[PDB]
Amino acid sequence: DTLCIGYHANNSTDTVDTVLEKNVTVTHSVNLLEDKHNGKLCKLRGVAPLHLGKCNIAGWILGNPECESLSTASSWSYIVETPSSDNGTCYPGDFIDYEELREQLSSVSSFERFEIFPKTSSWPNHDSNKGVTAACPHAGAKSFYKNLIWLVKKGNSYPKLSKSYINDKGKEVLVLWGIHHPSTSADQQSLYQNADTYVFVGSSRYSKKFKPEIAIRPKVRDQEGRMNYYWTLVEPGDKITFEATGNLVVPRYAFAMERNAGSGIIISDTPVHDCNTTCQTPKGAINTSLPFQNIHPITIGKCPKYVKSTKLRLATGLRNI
């Protein structure tokens, strides 16, 4: 009559490492490392990402003729840009504090586009129709940004204009405008008859006077002239004034906007999807409880920590025999 004691074993082939020994076969274990994404740009909280498709942030906000058909939204958790998006600033120029703009737009609570300066009642002493160019083509025809109006002089006249809008909204308003720098002094008087002109844009916080820099730049999209793009956020109850003797690409549409800090912009080809996720990567979303992931370093949301590990198998069972 015998009564002994021992342990457990099986067909398990799981191997773990210890401080003292490598490749030790164990009966049971679990993986602490996540290495599997759904390959979908799933949404974050329950809000969907703003996918720009063929356009970038610049093109979308300025109103590039191509960036027509994506923007019927009110909010987004983050912004998605495709690596093959190039429809941005069709007219050559510098977008001042562009990266900053993108960061601020990365996540928006509410977002409505309203006409701040209606084309037809606001610019009565200037031509608001001749402001097109071959640089911003809409099906062959010469067009321009939708959200901006390129004000040229009406039949040999450009009186000092002076419009000013006051934020009657209950949220900040993103106002964009442009300063055009003609290539030649002949182009200058051709567009806004005066030779020595100036633009001034001011609010309770913003204030700057612009002097047109007339010169010949290397042709980019047929234009030897440049166009600098500016923006600002006018506070609720605050007003922004414009004042120009020429060269002012005036705002047409502004954006009532309530933003929440702490999101980003993913540049990826991956498909946008109707799905829920708590952690988003450029390659796909992560649905995980595990502490670590080796999928991608760049991440958005509440994600596992990025590790360079290939495997992190944790032993749960004992040895195997």
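Sequential numbering from 1, following the sequence displayed.
Across the two stretches, 269-277 and 55-63, the PDB entry reports the greater mean Cα temperature factor for 269-277. Of the two segments examined, 135-143 and 106-114, it is 135-143 that shows the higher average Cα temperature factor in the deposited entry. Comparing the C-alpha B-factors of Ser309, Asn23, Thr299, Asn10 in the entry, the top value falls on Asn10. Of the candidates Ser77, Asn129, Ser207, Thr245, it is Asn129 whose Cα B-factor is highest according to the PDB record. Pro212: CA B factor lies in the middle third for its chain, per the PDB record. Placement of the Cα temperature factor of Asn294 within the chain: lowest third of the modelled residues, per the deposited record.
Compared with the other modelled residues of the chain, the Cα B-factor recorded for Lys239 ranks in the middle third. When all modelled residues of the chain are sorted by CA temperature factor, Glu172 is found within the middle third. For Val250, the recorded CA B-factor ranks within the lowest third of the chain. Only modelled residues enter the ranking.
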